[PDB]
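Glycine gets a Cβ as well: all are built from the backbone with ideal geometry, and neighbour counts include every protein chain shown. Please treat every number below as a calculation from the coordinates, not as lab data.
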Amino acid sequence: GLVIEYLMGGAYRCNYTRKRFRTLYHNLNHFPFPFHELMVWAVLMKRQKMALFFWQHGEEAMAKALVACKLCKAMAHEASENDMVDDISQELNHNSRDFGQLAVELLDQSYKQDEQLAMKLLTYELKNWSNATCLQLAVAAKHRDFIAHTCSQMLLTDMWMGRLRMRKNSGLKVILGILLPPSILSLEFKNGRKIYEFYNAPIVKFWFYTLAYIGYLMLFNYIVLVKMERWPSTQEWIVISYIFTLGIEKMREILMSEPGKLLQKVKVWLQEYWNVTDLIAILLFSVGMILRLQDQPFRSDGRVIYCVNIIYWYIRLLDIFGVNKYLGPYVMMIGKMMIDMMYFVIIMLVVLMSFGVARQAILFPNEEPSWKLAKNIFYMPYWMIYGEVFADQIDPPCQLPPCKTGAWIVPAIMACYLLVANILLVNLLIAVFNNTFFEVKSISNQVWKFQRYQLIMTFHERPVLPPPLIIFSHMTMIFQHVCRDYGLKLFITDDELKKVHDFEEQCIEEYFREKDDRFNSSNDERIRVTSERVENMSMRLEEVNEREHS
Amino acid sequence: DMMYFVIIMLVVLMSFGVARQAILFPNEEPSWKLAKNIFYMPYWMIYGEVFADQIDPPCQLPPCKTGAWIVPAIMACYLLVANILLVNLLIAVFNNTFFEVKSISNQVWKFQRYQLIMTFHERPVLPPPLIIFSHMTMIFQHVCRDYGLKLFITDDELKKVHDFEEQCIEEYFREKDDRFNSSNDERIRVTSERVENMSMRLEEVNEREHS
Ligand SMILES: CCCCCCCC(=O)OC[C@H](COP(=O)(O)O[C@@H]1[C@H](O)[C@H](O)[C@@H](OP(=O)(O)O)[C@H](OP(=O)(O)O)[C@H]1O)OC(=O)CCCCCCC
Ligand SMILES: COCC(CCO[C@H]1CC[C@@]2(C)C(=CC[C@H]3[C@@H]4C[C@@H]5O[C@]6(CC[C@@H](C)CO6)[C@@H](C)[C@@H]5[C@@]4(C)CC[C@@H]32)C1)COC
Ligand SMILES: COCC(CCO[C@H]1CC[C@@]2(C)C(=CC[C@H]3[C@@H]4C[C@@H]5O[C@]6(CC[C@@H](C)CO6)[C@@H](C)[C@@H]5[C@@]4(C)CC[C@@H]32)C1)COC
């Protein structure tokens, strides 16, 4: 039980380590689900045929497949970390892939048979598997091909829409409800309290946060564009309050993380790059504000830090855009193409420096050592490949001052430099982007459809008020400090549980039967069976012909 | 597709423009020209109007603004993102989604040829500048399709057309059945079944002997 809790994750709790089983085992019965135990035994002992045999017998087949995939992945990682023979790691990874494919195929069959029962199969609480739905197990196993399935996407859409029924033209109606409160009681709701049901939907929280962020960006632009006085104005105080409350919210999110150790929670929070960049930006804004409330030079330095910091908050609109179906994969494709582009940037930088050093050395042979020498190399050779290729700034005409010795090579060097930079490297980069686009596009689609779950969960967990006035919700949590019906799970009775179990057994039997029928009717199997039967028939007929009494 | 990419381009452009205008001009009263300097020159810069000393001005010499060296450093990154990354990704997007768009456009144009022909069959004979004469003619005919849509035929021609259609549909079904029967999959399936039955029969014959 301890090793299963170690392999699965932080929150998992096996049945062996429960107090009831510990008390039963201290003074030493049977198991209600024997194949649940035997499947885990066969998985932990690295017996794939036995595990595949035990998987198809019993209830909760999809949960067993997902748990087996996670266990095999964890065992492979542990074996690789302990410098094994490296064949054990490959075998365990193949076992994990096989179990993942089994889970995906079972989900496909279940969704193809019935839709509502399939969506009920992915959300009911699993008593025997540490109270975690199939979605949580599939996410913990990083199974991208499971969350990207159509049924999982429909389930995520239903969880995202909250308790509202509108599906044709949404978004605008949510904005109308947020901006005009006397329009909430005009929408259809799934089966006084209507306001609470409206404002707790993830989509309404998302649009509230979006509008607050747009207003904050507007105020930031206003305070940086116009002249700043000795003390902050009202808009500047609103911007400062937004930054401060966002920092408080980040601290609260860190404090309420999954692990139990303070330093362990920080490490798991500093995994997404957005969190690290947000921390850096908030710290830089605090430094700029500290410098801003001082005399004139420090005030100018703080204003310049504001002007630098506005760029990051403008860039962070792509995180808001990532909710859109078409603007998410494009942003991720951009992220991958930057890594593809860095190398050609390096090569072009080499060529640019090569031209610039020679031009500056030839045209200016009487220069004392000053740091402007390091600026003339990069400045104009970089600007000239973007449409500033002006002559007489390069290649000066030299009534006229005397021409420098050898100052005719410069037009010849900037005839090869432009040809290399604008005809060769950029066209090769275009070809590289062109021939590596299909794989990047497919990967981006899969990863975005996977991360939809994290988006929906983090907007289900978040408070209802946007960051500029979220301080009220934090004070409410203080009062509740001294004091999931849906969105994660879906609790059902025993009759519904039995119906779900029967549906799953029917689906898995149909899946195996259809797979066997497909295998038996393939051309290769028909050819093989026909060849064997023809060989046996030829032997028998030769025996008959040899055995004659006349 | 281009309008989907223009939003990201506009985000980058606005970030650079706001940063530059805020760095260079810190003593500006609130006027609507502040909302114009953000879009104007950052937009013209990516179409070949990169003009140093109009951006990054040299500063007998007026004093340099605090942090004015940041502006060309932001310009380098802005130009690299706008003119090397997003435009090349847009080229790749246009390149990899061209075959389907081309085929769909061909089919849709060949479909809409019918609507073009019908709307020019229905229209009056005079062009719009002097179409008022034809409208006045319709007024006189208000108080008063041999071809182009249909083609009326007699009973013998109708029977001939019916017989031709019956012959065509019979030939279509016969050809489809002949194609199906001679496929490799059907031949393999029939051969396997006949081999199985023949093996059963020969085993029965061998098991049934009298000498
Ligand atoms: C400044 C905005 C910054 C945030 C960025 C904008 C935030 C954002 O991008 O949200 C996405 C959402 C768009 O989707 P939206 O809810 O309107 O509706 C989708 C749309 O009808 C598609 O045509 C549907 O099929 P497909 O997709 O063609 O296959 C899709 O069905 P499904 O397949 O999903 O079931 C529908 O979901 O909202 C808007 O952008 C409408 C603008 C309304 C407000 C306009 C004013 C902002
Ligand atoms: C010439 O004389 C003008 C004068 C009127 C002066 O009133 C000023 C009031 C603030 C206002 C409306 C003005 C100029 C900058 C304007 C900013 C530009 C910003 O752009 C936007 C740009 C795009 C947004 C994404 C970001 O912000 C605004 C938040 C911002 C914005 C529209 C806030 C509004 C500002 C005019 C005449 O009347 C007596
Ligand atoms: C304005 O007054 C300046 C003065 C300080 C003068 O000291 C000089 C000492 C040499 C030094 C540091 C200076 C200018 C050119 C500098 C070169 C630029 C080159 O670039 C690099 C560019 C990139 C590299 C790949 C190639 O070399 C350097 C080898 C090179 C480099 C950094 C060597 C260092 C040079 C400044 C003030 O102090 C009293």
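Which shape class, rounded, prolate or oblate, goes with the range A:301-385 when its Cα gyration tensor gives a ≥ b ≥ c as root eigenvalues, a/c under 1.5 marks rounded, and past that a/b bigger than b/c marks prolate? Because a/c hits 1.5 or more and a/b fails to exceed b/c, the range A:301-385 counts as oblate. Need one number: the % of Cα-Cα pairs in the range A:135-235 sitting beyond the 15 Å mark. It works out to 72 percent of all Cα pairs.
With a Förster radius of 22 Å, plug the Cβ-Cβ distance of residue A:186 and residue A:214 into 1/(1 + (r/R0)^6) and report the FRET value to the nearest 0.05.
On the way: r = 25 Å, r/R0 = 1.12.
That pair, residue A:186 with residue A:214, gives E of 0.35.
Note down the nm distance, to one decimal, between modelled labels 7 Å out along Cα→Cβ at residue A:534 and at residue A:461. Roughly 6.4 nm, to one decimal. If only the Cβ of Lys and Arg carry +1 and only the Cβ of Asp and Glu carry -1, the dipole of chain A around its Cα centre is close to 2220 debye.
Taken one residue at a time, the phi angles of the range A:136-153 give Karplus couplings (6.51, -1.76, 1.60, θ = phi - 60°) of 5, 5, 5, 6, 5, 8, 6, 8, 6, 6, 8, 6, 7, 5, 5, 5, 5, 5 Hz. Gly and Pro are set to x.
Cα gyration tensor of the range A:434-550, axes a ≥ b ≥ c as square roots of the eigenvalues: rounded (a/c below 1.5), prolate (a/b > b/c) or oblate? Judged from the Cα gyration tensor, the range A:434-550 comes out oblate (a/c at least 1.5, b/c at or above a/b).
Here is the link list: A:49/A:265; A:73/A:190; A:173/A:498; A:265/A:336. Which ones come out longer than 32 Å on Cα distance?
Details: A:49/A:265 39 Å; A:73/A:190 40 Å; A:173/A:498 40 Å; A:265/A:336 28 Å.
Where the Cα-Cα span goes over 32 Å, the pairs concerned are A:49/A:265; A:73/A:190; A:173/A:498.
Among A:226, A:26, A:44, flag the residue with its Cα farthest along the positive direction of the charge dipole of the protein assembly as shown, charges on Cβ as +1 for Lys/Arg and -1 for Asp/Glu. Farthest along the dipole direction, towards plus: A:226. The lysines within cross-link reach of residue A:227, meaning a Cα-to-Cα straight distance under 30 Å and a gap of 8 or more places when in the same chain, are B:33, B:36, B:65.
Could you calculate the FRET efficiency of residue A:263 with residue A:105 from 1/(1 + (r/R0)^6), where r is the beta carbon distance between them and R0 is 51 Å, rounded to 0.05?
Numbers: r = 42 Å, r/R0 = 0.82.
Efficiency, rounded to the nearest 0.05: 0.75.
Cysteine residues of the protein assembly as shown whose Cβ has no partner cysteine Cβ closer than 4.7 Å: A:14, A:69, A:72, A:134, A:151, A:307, A:416, A:483, A:507, B:77, B:144, B:168. Projected onto planes of every orientation and averaged, the convex hull of the alpha-carbon atoms in chain A covers 49.5 nm². Here's how it looks for residue A:164: its modeled amide H is under 5 Å from those of A:190, which are all 5 or more places away or on a different chain. When only alpha carbons of chain B are considered, Rg and Dmax amount to 38.8, 130 Å. If you average the C-alpha positions of the range A:147-188 and of the range A:1-39 separately, how far apart do those two centres end up, in angstrom? Distance between centres, Cα-based: 41 Å.
With r defined as the distance between the Cβ atoms of residue A:477 and residue A:158 and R0 fixed at 35 Å, what FRET efficiency is calculated, to the nearest 0.05? Before the final figure, lay out the partial values.
Numbers: r = 28 Å, r/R0 = 0.81.
Once rounded, the FRET efficiency stands at 0.80.
Between residue A:491 and residue A:325, the modelled labels are 3.6 nm apart [label points 7 Å from Cα along Cα→Cβ]. Taking a straight line from the alpha carbon of residue A:404, these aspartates and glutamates sit under 17 Å away, with near neighbours fewer than eight places off in the same chain left out: A:367, A:392, A:395. Treating each Cα of the range B:1-76 as an identical point scatterer and summing with the Debye formula, the log10 of I(q)/I(0) at q = 0.14, 0.28 Å⁻¹ comes to -0.50, -1.46.
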